[PDB]
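Just one chain is shown here, as structure tokens, and it is the form deposited in one PDB entry.
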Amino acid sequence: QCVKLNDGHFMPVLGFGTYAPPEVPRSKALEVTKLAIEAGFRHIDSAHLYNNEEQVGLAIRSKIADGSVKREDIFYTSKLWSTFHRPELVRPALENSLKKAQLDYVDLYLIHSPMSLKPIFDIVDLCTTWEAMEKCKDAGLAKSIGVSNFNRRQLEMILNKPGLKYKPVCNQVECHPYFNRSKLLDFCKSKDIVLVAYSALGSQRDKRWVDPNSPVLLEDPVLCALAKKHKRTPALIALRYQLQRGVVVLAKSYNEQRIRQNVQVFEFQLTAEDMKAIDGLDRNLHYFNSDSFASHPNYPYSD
């Protein structure tokens, strides 16, 4: 199903994650995006950064051309990268993403992160970046606009901007049973802003920014117990948890069997006791943890 966003558009509650590290051929994105749409995914998450918008857009166009879906059936997200925060760079970055994907509009365009980089850190008033995003919604380049990796103070900055025209529809953030963001989630619900969870299955544990000593979420013994109780899988428990707390959840997989498994999240539900057990795993663990950004002036986990 879908959640109604605060601008009246609708976002499917399960999303497909398209990021894969540079060792995976670019052409894999094309193949797995078509498999995702075949399995039932209708929300597809990409970004300028992922260097795959050509392949992702071609997958969506291929599934439109063969009659599987209409354009208005797909919710496609792209993201403005942090070297493009200066307001004059926002609409060109979005137009470039549209040309790569060969689409007329995105369903969602996000500020990918608040940590501005030189167009080496940069200092940019993100209120002015937001005004440029608003202009892209008014032009019809993006049906909806949102933010990603913002903390509550950063979100309030936008919500409190003089002459704000559109609130963010969402804040896409790292969110899973080790780092469940309840307080931020509550703040988002109080403003009718959707929290969208990434690394909901514990991240890809990329060696460039994730500590290999960190616990592997899908080997968690409480998730394994719940998967055995429901005869499902640790991944499906982790996804289902987000749906039941009102969080829209992404899931990346480049494996045909796991892509088809992940749509089963709609097939079962967890009890209040199961959900309390998963809530008991919260331990302030974000898998992103690198000197590369941890001392950025707008690092969101500084709090």
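In this text, rigid core is short for the largest set of C-alphas that superpose within 1.5 Å between two forms. So that there is no doubt, residue numbering starts at 1 and follows the sequence shown.
Undergrad: Would you class the number of unmodelled deposited residues between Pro119 and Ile120 as none, 1 to 3, 4 to 9, or 10 or more?
TA: Gap between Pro119 and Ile120: 10 or more unmodelled residues.
Undergrad: As stated in the PDB record, which stretch has the larger average Cα B-factor, 172-180 or 139-147?
TA: Of 139-147 and 172-180, the stretch with the higher C-alpha B-factor average is 139-147.
Undergrad: Per the record, averaged over C-alpha atoms, which has the higher B-factor: 193-201 or 92-100?
TA: Comparing 92-100 with 193-201, the higher average CA B-factor belongs to 92-100.
Undergrad: Per the coordinate record, which of the options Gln244, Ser253, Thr271, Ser62 holds the highest CA temperature factor?
TA: Across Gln244, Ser253, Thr271, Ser62, the entry lists the biggest C-alpha B-factor for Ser62.
Undergrad: Among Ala227, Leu159, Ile111, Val216, single out the one with the highest C-alpha B factor in the record, please.
TA: Max CA B-factor in the entry, restricted to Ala227, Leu159, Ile111, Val216: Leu159.
Undergrad: Would you mind checking where the Cα B-factor of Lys79 ranks among the modelled residues of its chain, as the lowest, middle or highest third?
TA: CA B-factor rank for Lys79: lowest third.
Undergrad: By its CA B factor, does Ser290 count among the lowest, middle or highest third of the modelled residues in the chain?
TA: For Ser290, the deposited C-alpha B-factor lands in the middle third.
Undergrad: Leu155's Cα B-factor: lowest, middle or highest third of the chain?
TA: Tercile = highest for this residue's CA B-factor.
Undergrad: Looking at the temperature factor on the CA atom of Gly280, which third of the chain's modelled residues does it land in?
TA: Ranked within chain, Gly280 CA B lands in the middle tercile.
Undergrad: Select lowest, middle or highest to describe the third in which the CA B-factor of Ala36 falls within its chain in this entry.
TA: Tercile = middle for this residue's CA B-factor.
The following text describes the form deposited in another entry, which does not appear among the structures shown.
Undergrad: Please determine whether the C-alpha atom of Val24 is displaced by 2 Å or more between the shown form and the other one following superposition on the rigid core.
TA: No.
Undergrad: Taking the rigid core as the superposition reference, indicate whether the CA of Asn284 shifts 2 angstroms or more between the shown form and the other one.
TA: No, because once the rigid core is superposed, the C-alpha of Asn284 moves less than 2 Å between the shown form and the other one.
Undergrad: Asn213 and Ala294: their C-alpha distance differs by 3 angstroms or more in the other form. Do they come closer or move farther apart compared with the shown form?
TA: Compared with this form, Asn213 and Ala294 lie farther apart in the other form.
Undergrad: Since the Cα-Cα distance for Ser295 and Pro212 shifts by 3 angstroms or more in the other form, is it a contraction (closer) or an expansion (farther)?
TA: Farther is correct, given that in the other form the C-alpha spacing of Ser295 to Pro212 is increased by at least 3 Å.
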